[PDB]
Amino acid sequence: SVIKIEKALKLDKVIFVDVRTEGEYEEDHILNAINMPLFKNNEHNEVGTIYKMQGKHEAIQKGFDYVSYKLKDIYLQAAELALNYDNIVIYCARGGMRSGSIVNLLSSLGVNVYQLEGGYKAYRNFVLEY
């Protein structure tokens, strides 16, 4: 269910899906990744602030407010990728709840997906490894 970047980059017929905002994906993303953003740029900032000021419980609620309607499309996009790629690796900034929730849900619906351990940060550290 979780995979390390060193192994993910070696998978046959692999596609990386970045669930960060369009803002973050545009700045830098994993080579050949597609963007399936969970949050719009503004939604992301509000969820982050809520998390800081109120905690996780309230941040999750706000997340549902912004993503519950997007979830069928996420399934449909993943189901389509699955016709074309043998391996689907989902990643967020640091490998927490954004990618974890999507991966767990998709997997319970029978779509074979993995979460990238450590998110985009793990990829950056892999590329820049001395």
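So that there is no doubt, residue numbering starts at 1 and follows the sequence shown.
On average the C-alpha atoms of 64 to 72 have higher B-factors than those of the other stretch, with 27 to 35 and 64 to 72 being the two compared. For the pair 3 to 11 and 121 to 129, the mean B factor over Cα atoms is greater in 3 to 11. Among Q54, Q77, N42, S101, the highest C-alpha B-factor in the deposited entry belongs to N42. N112 sits in the highest third of its chain by CA B factor, as recorded in the PDB entry.
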